[PDB]
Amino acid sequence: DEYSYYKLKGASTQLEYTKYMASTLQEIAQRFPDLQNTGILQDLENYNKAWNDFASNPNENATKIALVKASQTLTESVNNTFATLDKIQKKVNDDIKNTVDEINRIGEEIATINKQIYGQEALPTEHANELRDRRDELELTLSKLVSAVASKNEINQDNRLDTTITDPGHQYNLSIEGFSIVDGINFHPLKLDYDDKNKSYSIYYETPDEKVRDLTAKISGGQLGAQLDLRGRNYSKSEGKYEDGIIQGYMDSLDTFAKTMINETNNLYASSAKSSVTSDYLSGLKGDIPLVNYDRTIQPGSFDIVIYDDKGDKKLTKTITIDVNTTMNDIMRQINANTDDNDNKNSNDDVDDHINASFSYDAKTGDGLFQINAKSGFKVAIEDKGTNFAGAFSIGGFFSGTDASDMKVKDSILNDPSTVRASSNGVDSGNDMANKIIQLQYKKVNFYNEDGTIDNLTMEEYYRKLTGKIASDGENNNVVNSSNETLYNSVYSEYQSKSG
């Protein structure tokens, strides 16, 4: 009857893990329905149709306003969808603190019970058994929360010993990951702490000499094990997110969705000539950092700075090359060089430079900034050949941002939709660039995942892969949960049968 009770605790630990897991994964799936034309997919469709209406009538300023309107709706939808996952992750983080608080109350109440059971005084038989009943009750409740090891040696009432004294630590020990929460009559709590203002709770066992044993990566089982696996266990203060975790993995795919959407759209829109182009603020971009190391989506290759006059004729092309050592200073050295051995038209005409290109790092802000201002009578564009240099840095881009939470339309476009162009040459007439953005919705593009894989899909296919992954996780867990219930009921019936 004591052995089946040992099985009941283990059955509870497994069932409460998958039960908490099922509740959280079901909520996430309700937020991310694996259905076409809902949520972001519906906003993405209205966004692409808005590009189609604009490419049909690029001179009508009303279609520019409608396009910017549908783009802001899309980015905001991407912001809110990420905020939904962020809120659930913070909810799990708060549950971790509550569960740890409950674990400590249980352990303290068990250690206090043990002070009577193993105390010097003799207790009435009935009071001793109801204290023992309560301790078994608390032990069983504890198994719903965490995997804990209770090692017990039971007292023999043959007497033949008194007056002696009791060694309570040898009679009862309750441990978590090997560390004694209850050592006989002594209570040792789990400790919570955090370092940044996300209050990413870490779980510690502290020794009497204030030495620290972090358990965040080791604690498993029950509600706490599921909370840790959902939220993430290794927090990173530099990056302000978790290095693992089921929910964290959904957030990273959502960021990778936005990052690719920003990169691939901006790569195309950067090829539309403009009077000047300005990057976003590039946080931490010193002039000596290799570009492929600053942004993992930057690939070796080349892009061409392209110069047009105000009537829309291509006057110039300067090819800038990126390899795995190319820094921003290196980009400037190539831009600010001369040579240019070319043979355009006509009569050896191409002369000097028609742009003022600039990079600057603000040591007080920690941000870098890249600008190319074409001189009056000229426009500048960037046509990339694999690097995503302009797209990742939003040089002449349509979208700003780096992830799902800061994705937005570029401010100069939001503030004046009439600045939107559809043509490569910058004249407010053609539509060869906007047609490329329309076709981009069908194109297999790269998604650089945090796990190290590179998905090659369309935007919609990648997002549906995320909602399918969430549904597949919730279903796989439902199978493990289902067998956990049957095992729990079977063990619970055996426990009831083998008792009173």
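Each residue number is its position in the shown sequence, starting from 1.
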Given 329-337 and 120-128, the range whose Cα B-factors average higher in the PDB entry: 120-128
query: So which stretch wins on mean C-alpha B-factor, 465-473 or 33-41?
result: 33-41
query: Of the choices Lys286, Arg134, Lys237, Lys91, which one's C-alpha carries the largest B-factor in the record?
result: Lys237
- line: Per the deposited B-factor column, the C-alpha that peaks among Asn80, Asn198, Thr216, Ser180 belongs to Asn198
message: What third of the chain does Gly426 rank in for C-alpha temperature factor, lowest, middle or highest?
response: highest
query: Would the CA B-factor of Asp432 place it in the lowest, middle or highest third of its chain?
result: middle
message: Ranking the modelled residues of this chain by C-alpha B-factor as given in the entry, is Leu316 in the lowest, middle or highest third?
response: highest
field: CA B-factor placement of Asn446, once the chain's modelled residues are sorted into thirds
entry: lowest
field: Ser12 - Cα temperature factor, lowest/middle/highest third of chain
entry: middle
